[PDB]
*Asks:* 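One structure coming up, written as structure tokens, with questions to follow.
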Amino acid sequence: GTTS
Amino acid sequence: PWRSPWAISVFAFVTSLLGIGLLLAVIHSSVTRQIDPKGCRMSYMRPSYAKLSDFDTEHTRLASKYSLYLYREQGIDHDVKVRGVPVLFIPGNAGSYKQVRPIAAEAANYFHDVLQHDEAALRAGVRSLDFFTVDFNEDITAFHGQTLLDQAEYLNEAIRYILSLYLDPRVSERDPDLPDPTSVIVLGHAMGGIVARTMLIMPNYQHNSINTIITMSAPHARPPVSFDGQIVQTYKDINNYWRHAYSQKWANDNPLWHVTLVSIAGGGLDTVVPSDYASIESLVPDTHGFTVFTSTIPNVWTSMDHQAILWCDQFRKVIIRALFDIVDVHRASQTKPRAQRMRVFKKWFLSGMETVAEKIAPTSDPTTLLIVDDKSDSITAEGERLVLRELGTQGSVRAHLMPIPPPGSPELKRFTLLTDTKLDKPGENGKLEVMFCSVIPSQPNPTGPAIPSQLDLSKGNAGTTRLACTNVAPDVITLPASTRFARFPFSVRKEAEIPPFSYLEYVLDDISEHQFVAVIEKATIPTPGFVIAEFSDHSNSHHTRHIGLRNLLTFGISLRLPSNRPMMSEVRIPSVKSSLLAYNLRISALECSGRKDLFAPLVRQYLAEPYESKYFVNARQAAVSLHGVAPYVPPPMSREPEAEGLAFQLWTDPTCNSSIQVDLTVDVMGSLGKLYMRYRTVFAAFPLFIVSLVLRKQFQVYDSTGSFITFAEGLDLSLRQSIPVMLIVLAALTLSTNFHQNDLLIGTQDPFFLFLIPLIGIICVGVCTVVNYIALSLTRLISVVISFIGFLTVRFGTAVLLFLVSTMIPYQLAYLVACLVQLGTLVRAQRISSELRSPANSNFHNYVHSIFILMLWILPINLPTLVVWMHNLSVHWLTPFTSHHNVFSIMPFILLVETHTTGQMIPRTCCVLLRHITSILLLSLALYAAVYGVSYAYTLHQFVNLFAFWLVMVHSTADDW
Ligand SMILES: *NCCOP(=O)(O)OC[C@H]1O[C@H](O[C@@H]2[C@@H](OC[C@H]3O[C@H](O[C@H]4[C@H](O)[C@@H](N)[C@@H](O[C@@H]5[C@@H](O)[C@H](O)[C@@H](O)[C@@H](O)[C@H]5OP(=O)(O)OC[C@@H](COCCCCCCCCCCCCCCCCCC)OC(=O)CCC/C=C\C/C=C\C/C=C\C/C=C\CCCCC)O[C@@H]4CO)[C@@H](OP(=O)(O)OCCN)[C@@H](O)[C@@H]3O)O[C@H](CO)[C@@H](O)[C@@H]2O)[C@@H](O[C@H]2O[C@H](CO)[C@@H](O)[C@H](O)[C@@H]2O)[C@@H](O)[C@@H]1O
Ligand SMILES: CC(C)CCC[C@@H](C)[C@H]1CC[C@H]2[C@@H]3CC=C4C[C@@H](O)CC[C@]4(C)[C@H]3CC[C@]12C
Ligand SMILES: CC(C)CCC[C@@H](C)[C@H]1CC[C@H]2[C@@H]3CC=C4C[C@@H](O)CC[C@]4(C)[C@H]3CC[C@]12C
Ligand SMILES: CCCCCCCCCCCCCCCC(=O)O
């Protein structure tokens, strides 16, 4: 995934 | 004669135009002038949260409203088990529990990548950090004090649950020989830092359960707004608790003896919480905590938002490294002792050039013995700078030994070394190693076995002088890389980051026991790198400019540092202390003749009062904004005269043989825009100073002539005599061991800042005029809607309110409803006055309008409590209300609004005594709003309630009710  | 409510005097219009103009100039120049560079690199992660749903209403009543989560980073944390040190993150006013993503992910990754393989660090007691985060439903703590207390109580119970987790084999996997955890590390953001401090004074606090508090952008010194009395009282409680506890002489009597509090402030880019309020200098002694700005944190060197302080990449790396250097799972409190924690926090958060900085190498154990020939080719003459323009010219390991001058001379001397090359740690091979060498006597005098001591022999002959040498890597000061291709101390792109400079600064007395400073050039092939080392005299390097603030603001200050100046120069202006004044710094071009300079000039703009240093790489033109003596914060503690005011530390290449010019002038518009953070809260109370003086003039003329003039006409009459006189009284009031000296009026008793009283007065005059016109427009607009409904019809065709407040309605909802009913009465009065245009109908309209303006200027204070109550209803939380306080806080307004709906005009006013009571009450309200309005804005509702009660008494029995 990965978010900020 | 009938004078329109819309008409305004030229005098009152011009003054209101200047007030609105000065408001726009302050607001505009606070978002465009003296703005710090933004240098936060975005952080990305894979978030996951495990709700600890077994922490329920059996443990605390608030668990039906609040929730606790364990952060799990996907790909690193594969199960919901605790395996390390518990850390608790507390979000701020309307913050999210999900704001723990960046700091918790960095901790999860760093232990995975580095520490879990480091067997020595694991042997020393380092484990994972378990990040627990708390869901407060985005509750507004800054505006409600019972919310703050509820959060603190919930989190004390949550800490008990968290520490119970480490007792359960089904939830905890730890080494069996480890002690049980008895403490949690608390990281708080904004009002979370206050919840963290509030937690230690609550009755359900478990002793020794918190020893480490780190807060990011938390207003420790002062409440952000004072709209709630419980917030103000809780701030008094916690601030008094810290001050009283740390004022104890015997540590056993000090409840906060083992507690360290570190306050990190975003700086000038933080527009939610003023960075002035983050100062804990009046709360925590330097042995137990400090306030640091993100602009002085090494490898961060940037200012931050309120929200960016959590997700900044550079900052999260630093905070995680600091947190990993304090944990110790061999101790039941999962941290190192208090002094060791303070030393680590100073290493990771501070520049290293502070007075509280500790020097390790001068008095530590030697780590190498250097054998060097007796020919003394390495040993240079005293008083010569060592300049290495390239590393590895000769092709062999070299030693440059610089003899330390004898301490016989009285004047203070320093050794300074600057290099762009990384300095080798002990027992490591690199390009460069710097070390303090002491002569080993040729006589076989017994000493330590020197088993850790490695040996470097560069003699290659029969001379073979022996030196015991200590590596200085422990005390290296990291400086931002100042090259010609650099503009900021940071880099938002990781690829473009320049490896920082290395700096050593020592007082001669610290290292006098040694005999040499050895710069070991280990490079063989020519590689880029420079080294400058020298001893300098305090007279040659440090300059102080004793120039008054008046002359500095008039002319500015200009210096000419000579060509024969050291690498590092300091310029101190002791008269630059205010946080309200901003400057412009200019550094002249370095006309390096022939050769290029080894590095570009570096300027460190720093204050000792909080730890705020700002770096300007390749400095030519710098905006100087400092967080010094702020208005409403507790007074600064005592300091030596050598640490007062603002200082600039300058690094230039000393081999250029060119003088440098430093200019410092005042930035008038930047200084003007500095006022927004400091005085924004003045505008919930101080416009009531103008309104009360206008209502005083309206009632004076009415009681004397029987014509109740319009608000604009009352303002015109007040600006001529009444308002100017009472601003002079406020100025005279300001001129006439206490930590609350700075809570009243303009926050400062300094005479220089007396112009702030006229400034605030004129801006408040403009704001009151604008709000008057807004209310007139709203009345006319509702009247137009009513007339339009009437035409559409024509062409196409009590005493119960007391019961409501006592049961469930907070008096703020009743106050809003009273304001709406007053607006309805105002619309009715305006319509009647337009239809009939009687002098009696103009009086009632003007009177109702002025009372509406008075009611409307209190609504800002009451509105925050409505949003809290509506939110709690949404969450299904019910808060009981004390009927005695609700009824007495709203009944005078209810009775006044009812009397106005009956259409009764205030009776005109032993009779002169009743005439003077209205004047005295309104004068006292004006003065009270001006003086106690910033710090005690919650009392204005009660005082205006008292005024509404008197007007109900004049209405009743001073006439036929
Ligand atoms: N990766 C890692 C991470 O990342 P992220 O996260 O993604 O990040 C990044 C990003 O960012 C951004 O964005 C962001 C994001 O977000 C997300 C998030 O979300 C959430 O969280 C959130 C929360 O929730 C919220 N709430 C917030 O919070 C906060 C907290 O935190 C804190 O703590 C506290 O403190 C606070 O701050 C809070 O907030 P609040 O509370 O809410 O708010 C506050 C403020 C604002 O408010 C407003 C106010 C109101 C209004 C009113 C006013 C008044 C008015 C006036 C008057 C008028 C009247 C008229 C009259 C007439 C009558 C007659 C009749 O506050 C403030 O600000 C204050 C100030 C202002 C105010 C006031 C003033 C006034 C006045 C004054 C006057 C005058 C005076 C003057 C002068 C005088 C003097 C002179 C003479 C002498 O926030 C947070 C965030 O963080 C969560 O999530 P959830 O939960 O799931 O969800 C929920 C939602 N809600 C978390 O988790 C997350 O994370 O995103 C978004 C989108 O969506 C956005 O939006 C945000 O922002 C961006 O970027 C950025 O970043 C940073 C930020 O963050 C920065 O730094 C940078 O730079 C950039 O920009 C993006 O792009 C990114 O990506
Ligand atoms: C700086 C402050 C004054 C901002 C408010 C400006 C606006 C709302 C004010 C300033 C001067 C005002 C005008 C002054 C005089 C009159 C004459 C009157 O018979 C009708 C309204 C009218 C035409 C006013 C309308 C509103 C007005 C234009
Ligand atoms: C006569 C005029 C000035 C009255 C209008 C002022 C009202 C609408 C304003 C003034 C200050 C405002 C508050 C300032 C900031 C916050 C924090 C936020 O998290 C919730 C809303 C809340 C609590 C605002 C509610 C509305 C508020 C009370
Ligand atoms: C006309 C009325 C204007 C009054 C000005 C009020 C300014 C409000 C300031 C907001 C306080 C900070 C909000 C929460 C911040 C925190 O979490 O600490």
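All ligand and atom numbering here is 1-based and tracks the order in the structure. Naming convention: chains lettered A, B, ... in sequence-line order (proteins, then strands); numbering from 1 in each chain.
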*Asks:* Taking only heavy atoms of B:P102 into account, list the atoms of ligand 1 that are under 4.0 Å away from them.
*Replies:* 2 (C)
*Asks:* Establish whether atom 50 (C) of ligand 1 and some protein heavy atom are separated by less than 4.0 angstrom.
*Replies:* no
*Asks:* Could any protein non-hydrogen atom be found less than 4.0 Å from atom 116 (O) of ligand 1?
*Replies:* yes
*Asks:* Once you restrict to heavy atoms under 4.0 Å, what part of B:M191 touches ligand 1? Side chain, backbone, both or neither.
*Replies:* neither
*Asks:* Suppose I only count heavy atoms of B:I774 and a 4.0 Å limit; which atoms of ligand 1 are within that range?
*Replies:*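 Numbered from 1, ligand 1 contributes 62 (C), 64 (C), 65 (C).
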*Asks:* For B:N93, which part has a heavy atom under 4.0 Å from ligand 1: side chain, backbone, both, or neither?
*Replies:* both
*Asks:* Under 3.5 Å, is there a donor-acceptor pair between the B:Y71 and B:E73 side chains?
*Replies:* yes
*Asks:* Decide whether B:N862 and B:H941 meet the rule of one side-chain donor and one side-chain acceptor closer than 3.5 Å.
*Replies:* yes
*Asks:* Counting heavy atoms only, which part of B:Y773 comes closer than 4.0 Å to ligand 2: side chain, backbone, both or neither?
*Replies:* side chain
*Asks:* Side chains of residues 747-766 of chain B: which donor-acceptor pairs under 3.5 Å do they make with residues two or more places apart or in other chains?
*Replies:*
unit_1: B:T748; atom_1: OG1; unit_2: B:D750; atom_2: N; d: 3.1
unit_1: B:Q749; atom_1: NE2; unit_2: B:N742; atom_2: OD1; d: 3.1

*Asks:* Any idea which protein heavy atom is nearest atom 10 (C) of ligand 2, and the distance to it?
*Replies:* B:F13 CE1, 3.6 Å
*Asks:* Can you tell which part of B:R680 has a heavy atom less than 4.0 Å from ligand 1: side chain, backbone, both or neither?
*Replies:*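 B:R680 to ligand 1: contacts from backbone and side chain alike.
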*Asks:* So B:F227 and B:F143, would you call those rings parallel, tilted or perpendicular, with 30° and 60° as cut-offs?
*Replies:*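 If you compare the ring of B:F227 with that of B:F143, the planes turn out tilted.
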*Asks:* Answer side chain, backbone, both or neither: which part of B:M304 comes under 4.0 Å from ligand 1, heavy atoms only.
*Replies:*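 No part of B:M304 is near ligand 1 at this cut-off.
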*Asks:* Is atom 44 (C) of ligand 1 less than 4.0 angstrom from at least one protein heavy atom?
*Replies:*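 No, no protein heavy atom sits under 4.0 Å from atom 44 (C) of ligand 1.
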*Asks:* Verify whether one side chain among B:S787 and B:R831 offers a donor that lies under 3.5 Å from an acceptor in the other.
*Replies:*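 Result is yes, a qualifying pair exists.
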*Asks:* Look up atom 102 (O) of ligand 1 and tell me if a protein heavy atom lies less than 4.0 Å from it?
*Replies:*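 Answer yes: something from the protein, a heavy atom, is under 4.0 Å.
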*Asks:* Considering only heavy atoms of B:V770, which atoms of ligand 2 have at least one such atom less than 4.0 Å away?
*Replies:* 2 (C), 4 (C)
*Asks:* Among residues at least two apart in sequence or on other chains, which ones pass salt bridge (charged side-chain N to carboxylate O under 4.0 Å, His left out) with B:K317?
*Replies:* B:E106, B:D313
*Asks:* State, without any angle test, whether B:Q314 and B:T302 hold a side-chain donor-acceptor pair at a distance under 3.5 Å.
*Replies:*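 No - no donor-acceptor pair under 3.5 Å links their side chains.
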*Asks:* Does the protein come close to atom 71 (C) of ligand 1 - that is, does one of its heavy atoms sit below 4.0 Å from that atom?
*Replies:* yes
*Asks:* Judged by modelled atom types alone, do B:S48 and B:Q74 share a side-chain donor-acceptor pair under 3.5 Å?
*Replies:* no
*Asks:* Scan the side chains in residues 819-827 of chain B for donor-acceptor partners under 3.5 Å anywhere in the protein, sequence neighbours excluded, and list what turns up.
*Replies:*
unit_1: B:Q822; atom_1: OE1; unit_2: B:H900; atom_2: ND1; d: 3.4
unit_1: B:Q822; atom_1: NE2; unit_2: B:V848; atom_2: O; d: 3.4
unit_1: B:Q822; atom_1: NE2; unit_2: B:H900; atom_2: ND1; d: 3.1
unit_1: B:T825; atom_1: OG1; unit_2: B:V821; atom_2: O; d: 3.1

*Asks:* Is any heavy atom of the protein nearer than 4.0 Å to atom 121 (O) of ligand 1?
*Replies:* yes
*Asks:* Quiz question for you: does at least one protein heavy atom lie closer than 4.0 Å to atom 7 (O) of ligand 1?
*Replies:*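 Flag for atom 7 (O) of ligand 1 set to true, protein heavy atom closer than 4.0 Å.
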*Asks:* Would atom 107 (C) of ligand 1 count as contacted, meaning some protein heavy atom under 4.0 Å?
*Replies:* no
*Asks:* What does the 4.0 Å heavy-atom contact list look like for ligand 4?
*Replies:*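 Heavy-atom contacts below 4.0 Å: B:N93, B:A142, B:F143, B:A190, B:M191, B:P224, B:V225, B:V272, B:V273, B:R680, B:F683.
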*Asks:* Could you check which of B:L778, B:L863, B:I760, B:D135 puts a non-hydrogen atom nearest to atom 87 (C) of ligand 1?
*Replies:* B:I760
